[PDB]
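One structure below.
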Amino acid sequence: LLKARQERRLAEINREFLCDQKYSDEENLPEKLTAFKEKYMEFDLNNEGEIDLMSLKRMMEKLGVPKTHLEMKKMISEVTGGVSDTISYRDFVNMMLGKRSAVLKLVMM
Ligand SMILES: [Zn+2]
Ligand SMILES: [Zn+2]
């Protein structure tokens with residue numbers, strides 16, 4: 001019942017993202033955030049609730065996509081601007097909505 005607590009917190013974060021000025025130009029934000037929340041939760045999150053190297057690795061093996069230690073560390077820092085070793089839901093939403101196309105995003109679709 002951890003993944004229900006994780007869902008609820010992301011649901012609340014979406015309530016914030018629905019009003020954040022940063023995304024107020026987005027059309028169909030409710031359906032976008034719902035889609036992003038669903039996708040983020042497909043990852044085995046660490047226990048702050050962020051995607052770390054381990055979760056990224058497990059997703060890569062899930063998707064049948066080969067990535068090296070260093071390609072993965074770079075996929076993360078590309079998405080977090082080098083600020084952090086893990087991808088938070090915020091960074092994940094910024095990636096999904098950004099026009100810059102990160103390797104992690106390309107790998108999703
Ligand atoms: Zn609209
Ligand atoms: Zn709608």
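In the structure tokens, each chain is lettered A, B, ... as it comes, each chain's residues begin at 1, and ligands are numbered from 1 in order of appearance.
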
Go through the chains and note each residue within 9 Å of ligand 1, using only C-alpha atoms and all ligand atoms, then give the set as a PDB file with N, CA, C and O atoms, in the first residue's frame.
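part33.pdb was written with the following content:
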ATOM      1  N   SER A  24       0.943  27.332 -17.501  1.00  0.00           N
ATOM      2  CA  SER A  24      -0.381  27.867 -17.774  1.00  0.00           C
ATOM      3  C   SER A  24      -0.651  28.064 -19.269  1.00  0.00           C
ATOM      4  O   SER A  24      -1.776  28.434 -19.660  1.00  0.00           O
ATOM      5  N   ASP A  25       0.371  27.858 -20.103  1.00  0.00           N
ATOM      6  CA  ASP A  25       0.177  27.912 -21.543  1.00  0.00           C
ATOM      7  C   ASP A  25      -0.234  26.537 -22.058  1.00  0.00           C
ATOM      8  O   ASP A  25      -0.573  26.414 -23.219  1.00  0.00           O
ATOM      9  N   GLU A  26      -0.178  25.494 -21.231  1.00  0.00           N
ATOM     10  CA  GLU A  26      -0.405  24.143 -21.764  1.00  0.00           C
ATOM     11  C   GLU A  26      -1.873  23.936 -22.014  1.00  0.00           C
ATOM     12  O   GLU A  26      -2.687  24.296 -21.173  1.00  0.00           O
ATOM     13  N   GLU A  27      -2.189  23.380 -23.173  1.00  0.00           N
ATOM     14  CA  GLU A  27      -3.543  22.970 -23.543  1.00  0.00           C
ATOM     15  C   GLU A  27      -3.759  21.551 -23.029  1.00  0.00           C
ATOM     16  O   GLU A  27      -2.847  20.718 -23.109  1.00  0.00           O
ATOM     17  N   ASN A  28      -4.945  21.251 -22.497  1.00  0.00           N
ATOM     18  CA  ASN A  28      -5.195  19.891 -21.996  1.00  0.00           C
ATOM     19  C   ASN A  28      -4.198  19.443 -20.923  1.00  0.00           C
ATOM     20  O   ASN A  28      -3.762  18.293 -20.888  1.00  0.00           O
ATOM     21  N   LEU A  29      -3.839  20.360 -20.041  1.00  0.00           N
ATOM     22  CA  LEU A  29      -2.977  20.028 -18.908  1.00  0.00           C
ATOM     23  C   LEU A  29      -3.559  18.893 -18.017  1.00  0.00           C
ATOM     24  O   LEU A  29      -2.835  17.948 -17.670  1.00  0.00           O
TER      25      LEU A  29
END

Selection: 12 Å around residue 12 of chain A, only C-alpha atoms, excl. self and same-chain fewer than 4 positions, as an NGL selection string: :A and (5-8 or 16-19 or 33-34 or 37 or 89)

Minimum-distance residue to residue 60 of chain A, chosen among A:72, A:2, A:10, A:46 (using only C-alpha atoms): A:72

Minimum-distance residue to residue 55 of chain A, chosen among A:13, A:70, A:87, A:35 (using only C-alpha atoms):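 Looking at the shortest contact to residue 55 of chain A, the residue is A:87.
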
Excluding residue 57 of chain A and residues on its chain fewer than 5 positions from it, collect all residues at most 10 Å away from it, counting only C-alpha atoms, and give them as a list in words. residues 43, 44, 51, 52, 62, 63, 65, 66, 67, 68, 69 and 72 of chain A

Prev. selection, N, CA, C and O atoms, output as a tab-separated table (two decimals), in the first residue's frame:
chain	number	residue	atom	x	y	z
A	43	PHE	N	7.68	3.49	-12.86
A	43	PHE	CA	9.02	3.35	-12.34
A	43	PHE	C	9.02	2.90	-10.90
A	43	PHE	O	8.25	3.41	-10.07
A	44	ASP	N	9.93	1.99	-10.59
A	44	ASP	CA	10.20	1.61	-9.21
A	44	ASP	C	10.88	2.76	-8.55
A	44	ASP	O	12.07	2.92	-8.70
A	51	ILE	N	12.94	8.91	-9.16
A	51	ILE	CA	13.60	7.92	-10.00
A	51	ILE	C	15.11	8.03	-9.80
A	51	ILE	O	15.66	9.07	-10.06
A	52	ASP	N	15.78	6.97	-9.34
A	52	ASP	CA	17.24	6.99	-9.22
A	52	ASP	C	17.90	6.06	-10.25
A	52	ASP	O	17.23	5.45	-11.08
A	62	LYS	N	13.41	-3.36	-18.48
A	62	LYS	CA	12.02	-3.59	-18.82
A	62	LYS	C	11.75	-3.30	-20.31
A	62	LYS	O	11.15	-4.12	-21.00
A	63	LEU	N	12.22	-2.15	-20.80
A	63	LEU	CA	11.93	-1.74	-22.18
A	63	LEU	C	12.82	-2.42	-23.23
A	63	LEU	O	12.57	-2.29	-24.43
A	65	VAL	N	15.93	-1.76	-23.68
A	65	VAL	CA	16.85	-0.74	-24.18
A	65	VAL	C	18.18	-0.81	-23.43
A	65	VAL	O	18.23	-0.57	-22.22
A	66	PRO	N	19.27	-1.12	-24.15
A	66	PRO	CA	20.60	-1.14	-23.51
A	66	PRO	C	21.11	0.28	-23.20
A	66	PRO	O	21.09	1.13	-24.09
A	67	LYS	N	21.51	0.54	-21.96
A	67	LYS	CA	22.19	1.79	-21.61
A	67	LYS	C	23.29	1.46	-20.63
A	67	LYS	O	23.09	0.65	-19.74
A	68	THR	N	24.45	2.09	-20.80
A	68	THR	CA	25.61	1.90	-19.90
A	68	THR	C	25.45	2.72	-18.59
A	68	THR	O	24.61	3.64	-18.50
A	69	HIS	N	26.25	2.41	-17.59
A	69	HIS	CA	26.29	3.20	-16.36
A	69	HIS	C	26.28	4.67	-16.75
A	69	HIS	O	25.36	5.42	-16.39
A	72	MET	N	23.26	6.31	-18.48
A	72	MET	CA	22.19	6.53	-17.50
A	72	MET	C	22.46	7.72	-16.60
A	72	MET	O	21.57	8.52	-16.41

Pick out each residue of chain A that DSSP on the backbone tags as alpha helix (DSSP H); I need them as an MDAnalysis selection string. chainID A and resid 2:17 29:41 53:63 69:80 89:97 103:108

Within 12 Å of residue 77 of chain A, counting only C-alpha atoms, which residues show up once you throw out same-chain ones fewer than 4 positions away? Write them as a PyMOL selection string, please. chain A and resi 51-53+70-73+81-88+91-92+95+102-104

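Proximity to residue 94 of chain A at 10 Å, evaluated using only C-alpha atoms and with sequence-adjacent residues fewer than 3 positions away removed, yields residues 22, 23, 79, 80, 88, 89, 90, 91, 97, 98, 99 and 100 of chain A.
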
Prev. selection, C-alpha atoms, output as a PDB file, in the first residue's frame:
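Listed below is the output, part.pdb:
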ATOM      1  CA  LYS A  22       5.045  27.820 -15.610  1.00  0.00           C
ATOM      2  CA  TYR A  23       2.516  25.502 -17.314  1.00  0.00           C
ATOM      3  CA  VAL A  79      16.836  16.028 -17.114  1.00  0.00           C
ATOM      4  CA  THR A  80      17.807  17.592 -13.772  1.00  0.00           C
ATOM      5  CA  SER A  88      11.766  14.147  -9.203  1.00  0.00           C
ATOM      6  CA  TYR A  89       8.220  14.384 -10.507  1.00  0.00           C
ATOM      7  CA  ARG A  90       8.805  18.065 -11.206  1.00  0.00           C
ATOM      8  CA  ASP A  91      11.871  17.394 -13.361  1.00  0.00           C
ATOM      9  CA  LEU A  97       6.510  19.353 -21.470  1.00  0.00           C
ATOM     10  CA  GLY A  98       9.871  20.820 -22.604  1.00  0.00           C
ATOM     11  CA  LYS A  99      10.639  21.385 -26.293  1.00  0.00           C
ATOM     12  CA  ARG A 100      14.228  20.225 -25.638  1.00  0.00           C
TER      13      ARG A 100
END

With only C-alpha atoms as the atoms that count, which of A:47, A:3, A:74, A:30 lies nearest to residue 15 of chain A?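 Among A:47, A:3, A:74, A:30, it is A:30 that comes nearest to residue 15 of chain A.
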